[PDB]
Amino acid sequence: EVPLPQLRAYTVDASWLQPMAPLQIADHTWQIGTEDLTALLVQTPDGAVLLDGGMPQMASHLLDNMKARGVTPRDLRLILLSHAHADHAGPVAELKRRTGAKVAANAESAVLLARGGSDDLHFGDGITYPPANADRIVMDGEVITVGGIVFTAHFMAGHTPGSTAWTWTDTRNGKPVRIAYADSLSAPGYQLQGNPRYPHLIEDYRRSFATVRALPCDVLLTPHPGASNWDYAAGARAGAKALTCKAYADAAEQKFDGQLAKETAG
């Protein structure tokens, strides 16, 4: 007879796990994650900020890249998140143990983070990671300032209820660069209509397309770089093909409309 199935690990494309050296985006902002998962380090005269960490097994690589940038574990002050799925918040618990970093997130992201991504609205317990506690709860439009760099939260619920875009202004060539780190606008395998766990899912996505379209946005970055047409392995041309926030939102909405139509037809 037949035993219950073994637990299945959350496995991902190899490029999501391929370490890369730090790639500079602007004067204080660096990509320090893997080829296909974004983890942004922002360095200030008063400590560093990390936006996303990628997968759980990326913690040591992140710490190595911070060190290469001159950031010791004590210097990391703040972790911000796009959303609290395993492939973006994965190493947060371990980073908190090994650095001085505290986590700021909205309430939805905080409760999902605290249960390690378990009981996901769409994925059940299939994508769990080590749970972590948020140290600060942020509201929509709230700002957090570190070493004089101001980060603004823009809620864009849909991909998760707590999905957030973070914006800040850096510099390049003596000119301001308004960076928008916009969260995922995908709905991979989601039941969109009449979802009892997320009854206003479609309304939230539509509002979120509008939110992303209107962001202050000289340079768009996304948790999965391919979503904004970044190629982190392409060196000096890594961001050459990057979408505007308007184009990113429009593409996501067109895809979403197609998915809605297929769902009705399914």
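Just count from 1 along the sequence shown to find any residue number. Under this definition, the rigid core comprises the largest set of C-alpha atoms superposing within 1.5 Å between the forms.
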Checklist outcome for this item: After core superposition, the stretch with larger RMS C-alpha deviation in 7 other deposited structures of this protein, comparing 12-20 and 247-255, is 12-20
Item to check | Greater mean Cα temperature factor according to the PDB record, 93-101 or 108-116 | outcome: 93-101
Checklist entry - Would 7-15 or 251-259 have the larger average of its C-alpha temperature factors, as given in the entry? => result 7-15
Checklist outcome for this item: Looking only at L50, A26, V212, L221, the Cα with the top B-factor belongs to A26
Item to check | Largest Cα B-factor, entry values, listed residues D140, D135, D87, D125 | outcome: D125
Checklist outcome for this item: Among the modelled residues of its chain, the C-alpha B-factor of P56 falls in the third labelled middle
Item to check | Position of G194 among the chain's modelled residues by C-alpha B-factor, lowest, middle or highest third | outcome: highest
Checklist entry - Thinking about Cα B factors across the chain, which third does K67 belong to? => result highest
Next on the checklist: Which third, lowest, middle or highest, does the C-alpha temperature factor of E203 belong to within its own chain?
Outcome noted: middle
Next on the checklist: Could you place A242 in the lowest, middle or highest third of its chain by Cα temperature factor, using the values in the record?
Outcome noted: lowest
